[PDB]
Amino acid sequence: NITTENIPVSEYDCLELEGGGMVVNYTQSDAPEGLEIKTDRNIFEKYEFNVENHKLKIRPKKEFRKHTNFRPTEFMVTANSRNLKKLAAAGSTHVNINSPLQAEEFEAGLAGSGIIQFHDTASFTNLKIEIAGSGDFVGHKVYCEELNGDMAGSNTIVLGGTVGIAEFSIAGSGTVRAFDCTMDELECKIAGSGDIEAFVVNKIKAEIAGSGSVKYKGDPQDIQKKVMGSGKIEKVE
């Protein structure tokens, strides 16, 4: 039996999601924090939605972790808060940031094959992205002073916008699509057959151990390459 419920929540700036087919529609607004859930009775019974230490944790109750095996008809989450500095998602999850996003420091974390996407402008001073698994991150309108990407596995990071200093660490066949992202400086390490595409204005430092590749647009004045293997670091137009 599918039903919609409004869950009371105190102010939170972190969001931890461990779901099964969970679809999260989050927005940042000036209004009071809100949380609405649409799912089966089984999920309401076995899942918890508690806020502690200013972190809204949506995960199965501890006494229903041994069993699991949910597979619900629907699991849509509508949430909103004044601020958001950390986003952690694990398992089958889809996180949609449907509004403009702003924070001094932000950490996006994905473990598994989920998806995190900033549909609108995302503005920060420091943005950290960590992906472990075959998941995806998409942000066509990201603007930050520093961006650190830590990737392990066959995942993708699609970026667009502008970034001052961008560091990427790729372990495996992860892919970074960022030709539409103007980076002042790029520094990266690829261990494997991973692939990076970027627009670099001033400086690029790239290192590849394996057959991966780094392709950069723009005209950096300082270029440092290091390749052990068949990989390549090239300028494209």
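Numbers follow the displayed sequence, beginning with 1.
On average the C-alpha atoms of 69-77 have higher B-factors than those of the other stretch, with 69-77 and 157-165 being the two compared. Just going by the entry, 207-215 versus 58-66 on mean CA temperature factor gives the higher value to 58-66. In the PDB entry, a CA B factor belonging to the highest third of its chain's modelled residues is recorded for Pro100.
When the modelled residues of the chain are ordered by C-alpha B-factor, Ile223 sits in the lowest third. Sort the chain's modelled residues by C-alpha temperature factor and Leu17 lands in the middle third, per the entry. In this PDB entry, the Cα temperature factor of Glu48 sits in the middle third of its chain's modelled residues. Ranked by C-alpha B-factor against the other modelled residues of its chain, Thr39 falls in the highest third.
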